[PDB]
Amino acid sequence: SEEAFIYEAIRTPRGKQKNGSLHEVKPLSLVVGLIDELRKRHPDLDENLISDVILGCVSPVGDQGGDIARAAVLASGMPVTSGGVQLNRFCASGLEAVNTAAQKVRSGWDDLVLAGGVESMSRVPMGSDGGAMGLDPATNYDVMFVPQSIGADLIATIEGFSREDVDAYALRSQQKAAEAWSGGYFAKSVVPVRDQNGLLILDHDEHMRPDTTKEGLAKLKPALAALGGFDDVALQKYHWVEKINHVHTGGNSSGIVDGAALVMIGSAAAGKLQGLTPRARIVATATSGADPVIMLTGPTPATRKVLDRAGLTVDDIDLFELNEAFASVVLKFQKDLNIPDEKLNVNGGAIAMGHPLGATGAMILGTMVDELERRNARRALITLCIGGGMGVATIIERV
Amino acid sequence: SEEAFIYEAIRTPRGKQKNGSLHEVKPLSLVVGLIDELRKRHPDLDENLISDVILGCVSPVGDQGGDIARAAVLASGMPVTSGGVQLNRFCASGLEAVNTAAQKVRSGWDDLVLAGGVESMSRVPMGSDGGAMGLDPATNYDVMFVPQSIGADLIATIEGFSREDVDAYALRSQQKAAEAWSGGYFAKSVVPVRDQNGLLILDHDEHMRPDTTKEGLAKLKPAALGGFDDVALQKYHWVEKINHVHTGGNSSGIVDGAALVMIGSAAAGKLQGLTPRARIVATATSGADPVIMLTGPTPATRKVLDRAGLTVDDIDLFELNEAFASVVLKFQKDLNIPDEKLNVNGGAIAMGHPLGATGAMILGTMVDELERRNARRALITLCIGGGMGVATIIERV
Amino acid sequence: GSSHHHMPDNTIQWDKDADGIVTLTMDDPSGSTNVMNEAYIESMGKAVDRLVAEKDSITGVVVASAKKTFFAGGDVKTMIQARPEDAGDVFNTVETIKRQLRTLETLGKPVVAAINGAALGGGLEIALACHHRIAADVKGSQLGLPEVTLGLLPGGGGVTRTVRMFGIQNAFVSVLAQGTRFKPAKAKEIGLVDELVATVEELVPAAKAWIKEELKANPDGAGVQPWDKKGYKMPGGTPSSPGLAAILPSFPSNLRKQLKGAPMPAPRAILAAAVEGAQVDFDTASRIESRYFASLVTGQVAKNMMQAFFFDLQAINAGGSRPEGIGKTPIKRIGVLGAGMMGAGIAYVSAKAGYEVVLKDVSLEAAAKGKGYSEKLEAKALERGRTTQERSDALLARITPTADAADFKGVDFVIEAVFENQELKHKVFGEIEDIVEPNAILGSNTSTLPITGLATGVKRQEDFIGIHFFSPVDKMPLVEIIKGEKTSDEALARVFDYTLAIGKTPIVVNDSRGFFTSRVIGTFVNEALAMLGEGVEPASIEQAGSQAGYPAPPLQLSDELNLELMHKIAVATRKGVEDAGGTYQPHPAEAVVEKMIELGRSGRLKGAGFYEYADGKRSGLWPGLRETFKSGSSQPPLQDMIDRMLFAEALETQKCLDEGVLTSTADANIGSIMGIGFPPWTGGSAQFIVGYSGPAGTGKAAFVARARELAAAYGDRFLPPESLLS
Ligand SMILES: O=C(O)c1cc(S(=O)(=O)O)ccc1F
Ligand SMILES: O=C(O)c1cc(S(=O)(=O)O)ccc1F
């Protein structure tokens with residue numbers, strides 16, 4: 001019923017995994033840093049009208065355990081009534097928190113909510129939480145568990161995407177992310193990380209390789225995997241396929257990074273009361289997925305369901321933003337819906353700038369809010385694939 | 001404005017901590033057992049129409065890590081489109097999942113949602129996940145971190161609740177839970193846990209001590225790491241000394257358990273031959289100081305009443321989680337709740353407090369008691385760590 | 001770029017021998033001690049650049065010192081001037097310092113520290129970067145990391161390395177949180193030093209003998225610290241280890257309990273830097289330590305504490321308040337009159353320094369009880385191993401209990417400690433002034449009575465002087481020296497030197513009623529009692545005192561000062577100006593004191609005060625207190641209660657400076673910290689003004705603006721004097 005509006009969307013720069021600038025920064029500090037930037041931009045905002053803070057975090061362990069959302073509320077000195085809940089829907093946790101915040105507003109029982117994610121994979125690696133599947137061979141044996149990398153190799157094998165095809169996409173992502181950083185597209189969204197003294201720690205996505213070349217990508221060696229068994233397991237399910245063409249390397253897959261993002265979502269009455277200017281509007285969200293062994297073809301039905309739910313078609317969308325977990329996933333999504341190539345990941349993606357699991361959904365969402373405003377266009381569609389065979393998609397309209 | 005309805009609300013027995021019957025049962029198996037029961041009750045249900053599965057879990061590590069809701073969707077053989085997300089809002093994670101399921105239905109973008117929670121505190125003890133507010137001395141030192149036990153004792157000190165007062169409520173809970181079990185109130189809601197051979201593992205709440213006497217409660221001995229007492233009084237500086245009245249007999253039990261709730265729109269219920277049992281009238285979220293921690297349910301209950309346009313007199317049944325005896329007494333004292341409307345079937349002191357599931361368990365407990373008493377309204381609320389609070393009102397259909 | 005450098009005279013001498021063992025002898029020609037200053041950083045940069053350049057011809061390194069000390073301290077003169085905008089320079093300095101030590105630590109060859117003397121702060125940090133530490137067991141030698149006492153932290157790798165050596169818990173509690181200084185034997189027993197020798201001449205030989213043996217026996221592990229080996233296991237576990245993660249949340253609360261909630265951010269930062277550093281690699285850990293170090297240096301509390309415990313303390317010890325030109329006069333025999341807590345404690349600290357003491361009282365039974373205070377003190381010291389049986393026997397043998405004025409023959413230094421009464425003191429001095437030596441110092445231990453009055457009871461008034469001690473004398477570090485208007489400058493210097501000889505700190509105060517310490521602690525007590533009469537909760541008053549940083553809460557302190565004595569002071573201070581023609585404005589606390597006396601609750605000595613006293617111990621506040629004073633009827637902010645007690649003392653101190661009672665802010669700061677327990681984070685009741693910080697701002701102006709905000713709400717006694725106005 002109630003319409004949900006995005007009033008602010010900011011993100012930290014994404015720090016690399018090996019010798020990264022953010023490895024010394026506690027995950028709680030990345031989120032509190034963004035809260036202190038929202039305070040700086042709206043000093044007179046009555047923080048008591050913030051009814052919840054929803055953070056996505058795929059590995060809620062160690063520095064990221066104990067409800068890090070609540071920790072950020074108390075650490076930043078936000079009102080003790082401002083809640084704080086962590087969620088985990090694997091790679092789409094950041095976008096799921098944004099959608100949940102939007103649905104909480106649409107229900108009317110919530111006025112103004114902070115949403116986003118946080119992930120410091122240099123401090124809390126993926127799999128640190130273990131998992132009800134790994135520590136249980138009976139379930140692992142029956143669900144035929146296959147890590148994300150092999151589903152991507154399998155997708156490229158089935159659809160006929162070659163090693164040069166995925167490296168062609170890896171090159172164009174590094175290029176567009178370089179163009180966007182040069183043009184200043186990220187100037188007001190990427191909030192530099194500073195220490196307790198105010199000294200600079202990171203001001204740019206340091207995983208990028210702007211000097212990437214077709215020749216340099218072709219020399220990389222292909223990628224839970226590197227152990228045994230998962231290839232044969234995947235082909236036991238997809239028994240018509242004979243051999244898996246391993247095309248994905250470190251250069252055409254999403255990088256391991258640290259980062260956090262924040263999106264402020266509220267109702268029109270909330271923004272009007274607090275003098276906030278709307279930037280976009282959550283038109284519709286949707287959830288769907290496909291087989292867990294192929295794992296990553298879930299954003300195709302989730303996109304059709306959110307398009308069907310919004311009453312639109314692909315031709316009505318000005319910008320498509322799909323997370324670059326693997327190059328073959330995007331080429332499949334592009335091949336399926338016949339996405340015009342110049343509407344797809346127009347400012348780069350996770351291959352160039354990184355994929356901070358819990359925070360990625362809210363980062364690429366804020367990427368589109370700024371790009372619709374810059375281009376003066378109406379609609380964008382943000383979607384992420386998920387481990388286990390899920391998918392999430394959202395359509396926003398510039399206000 | 002689609003309305004959210006409860007069609008099914010079931011739970012497992014609560015297995016005790018020491019030598020518990022559920023210690024050999026993985027938390028994933030507790031949820032799949034409840035899912036398989038929903039199939040037995042409605043085999044005609046089109047599980048494709050289930051949009052999401054939202055499970056609350058406070059310690060999502062080890063056997064409970066890796067998005068246990070998604071693990072349940074795959075292990076149970078549910079459609080892969082049925083989602084799966086784990087959330088954590090401490091003790092309210094079970095009820096937040098229910099409330100979020102209702103808010104997902106009211107928004108009109110999810111049609112039929114499974115909500116609940118799972119917590120195997122015997123296998124994954126609380127604090128196993130770490131956390132910043134405890135394992136980071138910069139924020140711990142600033143937010144004045146205090147365990148929930150001491151906040152409960154500080155409440156009893158400020159309100160003047162004696163050791164006999166709290167122990168009296170503990171006896172009340174033990175007697176009311178024993179009556180509800182003997183009276184058959186929990187017959188159709190407590191799904192017995194069985195192994196892969198169909199052999200019985202547990203069919204009742206082990207933690208109950210139905211032969212409790214006030215003499216045995218007075219024998220018990222009353223956080224032992226030191227320091228926290230002086231930290232609490234540094235903030236509550238008008239109190240000279242904290243009277244430690246809470247023991248193992250007047251505090252919530254440490255148990256294993258899981259709960260499931262089926263929530264959907266009236267259209268989704270009509271389409272699947274489902275009779276609605278109750279309606280989610282309103283939800284709310286507020287909080288109070290995190291050093292006392294457990295005083296957040298009072299403003300959250302006051303909020304959910306104003307939102308639904310109701311008052312205390314409009315509520316037939318009040319269900320507050322019995323984390324500590326003084327928390328319920330302070331709550332009962334403030335809102336002047338009648339004694340016969342409060343936790344009428346016992347609570348966590350007798351049956352246990354399986355963190356991630358308690359909110360969904362006491363939610364299911366009330367849905368049954370409204371249909372049994374032929375009453376109209378019930379208010380459910382829980383205290384939370386870090387000073388939060390969630391509340392929910394349900395109306396019988 | 002990433003360098004070992006940040007003009008100065010070189011401070012390190014280089015010597016390579018035939019074997020290839022380079023000996024770095026630190027010898028700063030600009031002072032008697034090696035100090036971590038610009039000259040050191042530049043020189044250690046040159047030396048480490050040379051060790052790397054000549055790596056092929058160097059088999060080991062020996063770090064030594066040419067001073068009486070090894071290395072002690074850093075550039076406090078620079079650290080105190082660092083503003084918040086200077087955080088980049090401060091961060092880059094410690095990063096440059098640690099980059100030098102880390103290169104020395106990872107040269108691929110063994111480095112040994114020859115510790116010939118004191119290795120404090122940066123000195124121990126240099127040695128902690130070495131693979132082997134050999135300390136000479138000489139007198140006066142100490143080792144430790146006392147940066148926390150100046151409001152800083154060991155930022156040259158001290159926090160990172162001691163945590164890697166001993167674990168988070170042991171390093172914080174034993175070394176870091178308190179800046180404890182160890183004698184070389186204690187240092188070897190807890191692991192800070194590896195081995196000991198008896199003379200400094202054996203050090204460099206032993207260091208080269210260890211380097212030669214290490215290369216022969218353990219070639220692959222030579223020059224490799226324990227935390228640079230595969231499979232390094234941090235003692236006590238890492239924060240992710242489940243054993244440590246169970247008790248780790250209790251560390252900030254235990255620290256918060258010991259500090260009583262007072263604003264001390266240096267221990268809070270050390271604990272954070274220790275735990276945060278144990279979660280990552282060594283290099284990432286030390287950079288975190290640098291950020292917390294820069295956070296402390298640019299803060300105010302560090303500047304408050306650097307001013308007091310470094311500059312003011314050195315100004316006092318150098319004789320800033322000692323009369324100019326006067327030479328030294330020996331003390332052969334000390335005569336103490338009275339064997340109470342004061343006289344007994346005085347006799348102990350005097351005999352502990354080595355002075356022969358004659359302890360007189362009215363009876364031999366009493367004087368023997370006075371010496372028993374020393375015997376029971378030496379008993380605790382023996383069972384805890386802090387002294388030998390030999391020196392303990394000699395100490396007690398210097399205390400001669402007596403009851404005759406004839407045994408004061410040969411006493412050239414008299415310290416009277418009898419009851420507070422003028423005509424009693426006139427009589428006690430009258431019958432000993434002729435027995436003592438003709439140049440004897442005639443000192444009175446009085447808290448309030450003016451010295452000029454007591455001096456007229458003797459003939460040689462120029463040698464009469466006030467020597468004010470504080471109980472317990474064996475542990476209180478200040479001596480308040482009061483100068484009557486007939487007191488000579490020689491007597492002043494003689495008492496001043498004695499104060500340093502017994503290991504205490506002197507302040508010179510001009511004669512006046514209340515002197516400085518009694519007058520100021522009176523305003524602290526009176527503010528608390530006024531709050532009690534206003535209807536404030538007694539528990540909230542004590543909480544304010546402890547959280548303000550005071551060592552003992554004010555109501556508890558009142559029970560020990562005896563409210564009967566407290567009332568007599570106010571009666572004696574009204575007729576001191578009302579009989580003089582002026583006016584006396586009564587304090588609201590006087591009504592509270594008179595009512596407590598009316599109910600027979602005069603204090604702890606009586607058995608009942610604001611607290612209940614059962615079986616010698618103090619057992620909770622008197623329950624009738626809330627009903628008597630309508631407690632709870634006034635609930636001001638805790639910060640107002642804290643500021644009322646801090647400002648009342650800070651303003652009475654400024655009054656003393658304007659009246660010539662004190663002659664230096666160094667005496668005001670140290671006198672308030674060590675005399676009456678003003679919170680160390682303030683740097684003293686005078687530093688508190690120039691470094692106030694609150695919602696208003698920082699500095700003298702913020703203090704005045706806040707003092708006026710208190711005057712509006714609680715009375716004009718908080719109105720700032722003209723001297724602080726600008
Ligand atoms: O007298 C000193 O210079 C001094 C030095 C330190 S240090 O820890 O910086 O070495 C601490 C206290 C001190 F009083
Ligand atoms: O018991 C007594 O009368 C008594 C009285 C005081 S007084 O300080 O009130 O004069 C001091 C000690 C006492 F034992």
Side-chain angles (χ1 to χ4, degrees), chain C residues 28 31-37 40 65 67-80 82 90 93-94 97 115 117-128 140-159 162 175-182 192 266-267 270 293 296-297 302-318 340 419-421 477 505 558-569 593-610 613 616 666 669-670 673-674 680 683:
Chain C
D28 196 337
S32 58
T33 306
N34 295 312
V35 161
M36 197 161 291
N37 51 31
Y40 162 77
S65 170
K67 314 282 197 184
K68 181 182 178 181
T69 57
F70 176 62
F71 200 117
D75 207 6
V76 183
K77 292 163 171 56
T78 296
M79 292 300 150
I80 198 170
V90 173
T93 291
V94 287
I97 292 170
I115 305 184
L120 290 177
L124 184 53
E125 290 176 319
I126 295 177
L128 288 169
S141 182
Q142 286 184 330
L143 297 94
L145 295 173
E147 276 95 347
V148 64
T149 67
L150 298 183
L152 314 176
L153 66 86
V159 177
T162 62
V175 180
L176 301 180
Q178 242 136 14
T180 304
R181 315 192 180 188
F182 308 102
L192 276 177
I270 294 172
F293 180 86
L296 290 183
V297 170
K303 305 186 179 315
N304 291 341
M305 301 187 68
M306 277 183 284
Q307 182 64 51
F309 298 100
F310 180 87
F311 288 107
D312 293 334
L313 191 57
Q314 282 176 1
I316 287 184
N317 298 330
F419 180 63
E420 277 283 84
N421 175 258
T505 296
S558 299
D559 280 359
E560 271 114 53
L561 309 176
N562 199 16
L563 295 155
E564 204 88 38
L565 170 69
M566 212 177 302
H567 178 257
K568 184 205 274 184
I569 296 177
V593 171
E594 289 171 10
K595 177 139 59 177
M596 291 288 297
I597 284 179
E598 172 182 319
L599 276 66
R601 288 192 141 260
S602 72
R604 173 204 240 280
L605 189 66
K606 166 89 146 166
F610 303 97
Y613 291 94
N669 288 328
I670 296 302
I673 292 187
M674 304 188 178

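These values consider heavy atoms only, across backbone and side chains, with no hydrogens, waters or symmetry-generated copies. Each chain gets a letter, A, B and so on, in the order its sequence line appears, and its residues count up from 1. Numbering of ligands and ligand atoms starts at 1, following listing order.
Applying the salt bridge (charged side-chain N to carboxylate O under 4.0 Å, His left out) criterion to C/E420, with sequence neighbours excluded, gives C/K425.
Within the model, atoms CG of C/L143 and CZ of C/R181 stand 11.0 Å from one another, a figure rounded to the nearest 0.5 Å. Annotation: the span from C/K303 atom NZ to C/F311 atom CZ amounts to 10.5 Å, rounded to 0.5 Å. Taken from CG in C/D28 to CG in C/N37, the straight-line distance is 5.0 Å, to the nearest 0.5 Å.
Ligand 2 places these atoms under 4.0 Å from at least one heavy atom of C/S602: 7 (S), 8 (O), 9 (O). Each of the atoms 9 (O) of ligand 2 lies under 4.0 Å from some heavy atom of C/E564. Remark: ligand 2 atoms within the under-4.0 Å shell around heavy atoms of C/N562 are 8 (O).
The side chain to side chain contact (heavy atoms under 4.5 Å, CB included) test with C/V148 singles out one residue from C/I270, C/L153, C/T180, and that residue is C/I270. A side chain to side chain contact (heavy atoms under 4.5 Å, CB included) with C/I597 is found for exactly one of C/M566, C/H567, C/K606, namely C/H567.
For ligand 1, the 4.0 Å heavy-atom shell takes in C/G73, C/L120, C/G121, C/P146, C/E147, C/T149, C/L150, C/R181, C/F309, C/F310, ordered by chain and residue number.
No donor-acceptor pair closer than 3.5 Å links the side chain of C/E564 to the backbone N or O of C/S602.
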